[PDB]
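Residue-level listing of the chains:
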Amino acid sequence: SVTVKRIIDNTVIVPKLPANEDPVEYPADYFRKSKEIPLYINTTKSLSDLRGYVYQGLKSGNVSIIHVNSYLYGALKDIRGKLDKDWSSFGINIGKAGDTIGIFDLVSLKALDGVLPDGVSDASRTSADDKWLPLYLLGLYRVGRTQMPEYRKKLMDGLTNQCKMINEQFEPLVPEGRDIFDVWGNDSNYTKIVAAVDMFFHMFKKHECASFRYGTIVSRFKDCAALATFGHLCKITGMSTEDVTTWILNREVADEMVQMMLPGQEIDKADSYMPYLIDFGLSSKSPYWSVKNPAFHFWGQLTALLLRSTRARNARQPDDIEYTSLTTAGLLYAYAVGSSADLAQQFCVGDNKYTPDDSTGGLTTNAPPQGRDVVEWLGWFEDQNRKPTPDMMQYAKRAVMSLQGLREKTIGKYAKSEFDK
Amino acid sequence: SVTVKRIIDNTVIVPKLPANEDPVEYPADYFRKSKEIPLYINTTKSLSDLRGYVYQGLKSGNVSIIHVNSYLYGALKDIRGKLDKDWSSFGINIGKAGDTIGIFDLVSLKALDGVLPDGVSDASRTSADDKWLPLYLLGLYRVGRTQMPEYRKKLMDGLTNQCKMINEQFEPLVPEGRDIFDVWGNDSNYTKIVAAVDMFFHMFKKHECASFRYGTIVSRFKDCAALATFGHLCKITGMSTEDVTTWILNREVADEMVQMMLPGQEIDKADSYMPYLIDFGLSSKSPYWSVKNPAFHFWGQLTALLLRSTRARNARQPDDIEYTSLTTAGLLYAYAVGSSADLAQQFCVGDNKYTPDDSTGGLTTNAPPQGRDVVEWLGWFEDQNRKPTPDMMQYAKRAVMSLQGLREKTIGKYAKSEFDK
Amino acid sequence: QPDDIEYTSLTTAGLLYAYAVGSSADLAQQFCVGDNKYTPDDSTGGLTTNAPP
């Protein structure tokens, strides 16, 4: 399986690929080399002075991100919370049981020389800072990282959360307004504050200032789509993680699952730095990136869609994967779940249904297994000469037909194109 | 089969064809003649004067390409990184382990011309220099290499990178101001700087100025589609590079496969000169060019399309090849992969699916083989009188019948015209 | 399309030839890994009679 030759000549030929190896970065590796998350923010100035730069800056659509970050650090500086138990993530002792700390558990550093942005300021601005303005700024990050006209849907979210505080005020321009949010995400330090806010209030959910977390929720598990897909697949099939894993039927998907489930990364932990590995700067290429798990993304979503999911309808269709093989496996899994409903009873009145009697091949040797055991189904499928039965094709036909208005380059579109013949 | 006579006259006719000698040039051959790459930056005017020439030149009608190249040299002159290991390529030592090296560690010379085109300048420009302007100038290579109204996306996202420091700025004219950089890709010095940038930052992926690649990326593997086509065919089928090679069933494809696999061309190397063999001017006719491998291009893409690829849809259809024979070969390969899904158990909990030692191939007289073994399928195919079966023709039909919006002279349009009449 | 030629006779010839290469792909193995397919076992068509070469 190494030496190839052309038959007519009998000469060795070595098959070669351009080969691009770009590896993932686990969160634990960051803290192997550094014990702090640096936040570069130009201090100086004053809360009242920075409030004027921002308030006026937003109204004109030219405010500096440096000013925004400086204001955000000032207004959120005094917010504190008391810990019931010790708080530790990747060896960092954030706090003990008893004592208090603020939102900035990470170590802050001070930015460069004189500020290039010179002016645009409101002199007489009231101390209504902490209340509503930081909510607004952090809320623009969420409105920022959408591209479809769902803007107005999520931009009203912000306004509604600000209305719970004071008078109704919309600040940016209509067409040009969108442009001054897109860069904000691309700022490393704005991005960190967002993640720090989200993490802090995830610990303190019952805190009064928990409303800040509305624009910043979209930071938790950013680029960790692979972990959500695994979760959704458990819920839609109703099988535990263990069982779902035994139903992986392709090598590429198995590789991706072991990459996903590397131990010591605090994935199932309640309050970890992990969910913000991209925003905190712990990773540049996430192991839970959906593009870094192409086969599992396709297999997971395609199976879930055939089991009547709505999330999978619009999921991206990856390139450079085994379309044909991954579908067959995905279809077989979906057919096994959808056929085998197995509905035991849960409540009774002295009158029970004894069930573990009579379970064999109902339609002679043609009948499918009664349950969801992958070994049973592999046996049955290999009896079917390893090609989908006219019943299985009809099952998927029904799962995709009567699906309406599908996007280009999509799981849904693929699925309907493939099965709705 | 050498001599040809006409039966009526017994005379000899000698069939002749016009010579067709346009031989491919390999990256290894260049460094056997010369041990350097000549880059001609004209004068050393001054960074300040040059910055003024291009800022205005861009903003108005046109700027001189000389002025761009001169400025681009000056703007990228001081950028450097430090390497962990030795960086060598085709017998050239760029730097031993631990050196600090610049972008132009690739031999600079001076152009013999008198700088006459010098007109139109903005003396006011200062700090807004290396930060973004070289990126803008580099970007226009990527934007200019498209003729389809897709450059709207490419210019739009080109601006996003500039916004990641100031001050939104769109500089050239919208309609006529597109052709001014459509010529840049034909200046052998400009394309060399582009390749120099991309090769430098492909090594130093962690540099601050790594964003300068959002433009120069289309230089890497330019006219090396034949290598990508092969890799894409591996990833879509799920077969190894060796196994794909064994599924070549045409002679013309083999010659092309032999062509692109020559022992010492640094194909599978991390950071080489090879990918930039056109833009560095190492070759005037690449061996990995789509056009120079017409049969493999056709066969390879067609097989992918039938295996549900979306990239293959719009791939160009070459002239002057065995269409009928290549298509049967491609149909057979695609069919064998689709009918025989990989499907094996990956994880277990004590309960294993045993399967080995199964002899009978489905049916007594004529039945499709269980694996992906070429010889097993060739023997099976001769038993069908070498004429594609109804199920095979149906397999090809289903995969092409749902394709919408197919462009002229593409392989996708061809496929649907043959398998979905 | 030229005129003053024999359309009918040239057509048959053109189709016979195109049919001969279309229905006969002549696929053959090119590369191997210690496992070779030999084509020439027994040369006879599909149907006992009138099965094309």
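- Method information in the entry identifies X-ray crystallography as the source of the structure, with 2.800 Å recorded as the resolution.

- Chain C goes by Nucleocapsid protein in the PDB entry, where it is assigned to Vesicular stomatitis Indiana virus.

- The name given to chain A in the PDB entry is Nucleocapsid protein, with the source organism recorded as Vesicular stomatitis Indiana virus.
- Looking at the Sequence similarities heading of the UniProt record, one finds this comment for chain A: "Belongs to the vesiculovirus nucleocapsid protein family."

**What to know about the overall build of chain C**
Phase 1: When helices and strands are counted, chain C shows one helix and one strand.
Phase 2: Here chain C has a C-alpha radius of gyration of 18 Å; the compact-globule value for 53 residues is 10 Å, and the former is much larger.
Phase 3: Its C-alpha atoms give chain C principal-axis dimensions of about 55 × 30 × 10 Å.
Phase 4: Looking at the 53 residues of chain C, the share that counts as buried comes to 15%.
Phase 5: Here chain C displays about 4,300 Å² of accessible surface, and carbon together with sulfur accounts for 56% of that area.

**So, the relation of the copies chain B and chain A**
Phase 1: Placing chain B over chain A gives an RMSD of 0.7 Å and needs a rotation angle of 36°, together with 0.3 Å of translation along the axis.
Phase 2: The overlap is low: 7% of the interface residues of chain B also sit at the interface in chain A, so different surfaces are used on the two sides.

**Regarding the sheet that holds strand β1 (residues 4-6) of chain A**
Phase 1: Judged by pairing direction, the sheet is antiparallel, and its three strands sit side by side in the order β2(A)-β1(A)-β1(C) without closing on themselves. Each of the sheet's edge strands pairs with one partner strand only, and the pair in question is β2 (11-13) of chain A together with β1 (31-32) of chain C.
Phase 2: Judged from the three bridges that link them, β1 of chain A and β2 of chain A form a sheet pairing that is antiparallel. Along β2 of chain A, the bridge assignment pairs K5 of chain A with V12 of chain A.
Phase 3: Against the sheet, helix α10 (residues 251-260) of chain B engages β1 and β2 of chain A together with β1 of chain C, with an angle of about 125° to β1 of chain A.

**Let's talk about the interface of chain B and chain A**
Phase 1: Tallying the contact residues gives 56 residues for chain B and 51 residues for chain A.
Phase 2: For the pairing of chain B and chain A, the buried interface totals around 4,700 Å² over both sides, and the portion due to carbon and sulfur atoms is 55%.
Phase 3: When the buried area of chain B at its contact with chain A is split by residue, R308, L343 and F347 of chain B rank highest and sum to 16% of it.
Phase 4: One can count four salt bridges joining chain B with chain A.

**Concerning the interface of chain B and chain C**
Phase 1: Between chain B and chain C, the contact holds 24 residues from the first and 17 residues from the second.
Phase 2: Taken together, both faces of the contact between chain B and chain C bury some 1,700 Å²; the carbon and sulfur share is 58%.
Phase 3: When the buried surface of chain B facing chain C is broken down by residue, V375, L378 and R386 of chain B rank first, second and third, together holding 29% of it.
Phase 4: At the surface where chain B touches chain C, the tally comes to one salt bridge.
Phase 5: Counting the contacts that link chain B with chain C gives four residue pairs in polar contact.
Phase 6: Of all the secondary structure elements, the ones that give two or more residues to the side of chain B that touches chain C are α10, α12 (323-339) and α13 (374-382) of chain B.

**Examining the domain arrangement of chain A**
Interface size is commonly expressed as the accessible area that is lost once the parts come together.
All names here are of chain A.
Phase 1: Examined at the domain level, chain A breaks down into domain 1 (36-218) and domain 2 (221-420).
Phase 2: Between the C-alpha centres of domain 1 and domain 2 the distance comes to 39 Å.
Phase 3: Facing 21 residues of domain 1, the contacting portion of domain 2 comprises 15 residues.
Phase 4: Regarding the contact of domain 1 and domain 2, the summed buried area is about 1,600 Å², with carbon and sulfur atoms giving 58% of it.
Phase 5: Together, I37, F90 and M199 form the three largest contributors to the area buried by domain 1 at its contact with domain 2, with a combined 34%.
Phase 6: Counting across the interface, domain 1 meets domain 2 through ten residue pairs in polar contact.
Phase 7: Residue assignment for the side of domain 1 that touches domain 2 shows that the elements contributing at least two residues are β5 (87-89), β6 (92-95) and α7 (188-203).
Phase 8: The biggest single contributor to the side of domain 1 that touches domain 2 is α7, with eight residues.
Phase 9: Here the residues of the side of domain 1 that touches domain 2 are counted per class, giving 13 nonpolar, four polar and four charged.

**Focus: the pattern of salt bridges**
Think of it this way: side chains of opposite charge can pair up when their charged atoms draw near.
Phase 1: This structure, assessed with the given rule, holds 26 salt bridges over all chains.
Phase 2: Close ionic contact of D198 of chain B with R213 of chain B constitutes a salt bridge, the shortest N to O distance being 3.1 Å. Taken together, the positions of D198 of chain B in helix α6 (residues 188-203) and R213 of chain B in helix α7 (residues 213-216) put the pair 15 residues apart, joining distant regions of the chain. Across the pair, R213 of chain B and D198 of chain B agree in class, each one buried.
Phase 3: Note that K416 of chain B is salt-bridged to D420 of chain B, the shortest N-O span being 3.3 Å.
Phase 4: Each of the salt bridges in this network shares a partner with another, and the network as a whole consists of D22, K285 and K292 of chain A.

**Observations concerning helix α15 (residues 411-419) of chain B**
Residue and element names in this part refer to chain B.
Phase 1: Along α15, the residues that are buried comprise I411, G412, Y414, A415 and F419. Buried residues along α15 cover an arc of 155° about the axis, so they all sit on one side.
Phase 2: Contact partners of the buried residues in α15: α11 (294-306), α12 and α14 (390-401).
Phase 3: Where α15 begins, the capping side chain belongs to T410, and its oxygen is found 3.4 Å from the backbone nitrogen of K413.

**Considerations on the pairing of β6 of chain A**
All names here are of chain A.
Phase 1: When β5 meets β6, the two strands line up antiparallel, connected through three bridges. Considered in β6, the bridge of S88 is made with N93.
Phase 2: Taken together, β5 and the strand that follows it, β6, pair antiparallel across an intervening segment of two residues, in which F90 is found at a positive phi of about 50°.

Rules of the game
- Residues numbered from 1 in each chain as written, not as in the entry; some residues may be left out.
- Chains lettered and ligands numbered in written order.
- Part of a larger assembly, values for the part shown.
- Heavy atoms only, no water.
- UniProt positions renumbered as here; feature names shortened; annotations may be inferred.
- Helix = DSSP H or I, 4+ residues; strand = E, 2+ residues; numbered from the N terminus.
- Rg over C-alpha atoms; globule rule 2.2 N^0.38 Å.
- Buried < 20%, exposed > 50% of the residue type's maximum accessible area, 1.4 Å probe, protein only.
- Areas by Shrake-Rupley, 256 points an atom, 1.4 Å probe, with all protein chains shown as cover.
- Least-squares fit on C-alpha atoms.
- Contact = heavy atoms within 4.5 Å.
- Pairing = 2+ DSSP bridges.
- Axes fitted to C-alpha atoms, helices over the stretch in contact; angles between N-to-C directions.
- Buried area = accessible area lost by both parts, 1.4 Å probe.
- Salt bridge = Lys/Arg side-chain N within 4 Å of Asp/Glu carboxyl O.
- Polar contact = N/O pair within 3.5 Å; in protein donor to acceptor, adjacent residues only side chain to side chain.
- Domains from an automatic or database assignment.
- Nonpolar A, V, L, I, M, F, W, Y, C, P; charged D, E, K, R; others polar.
- Arc of directions from axis to C-beta.

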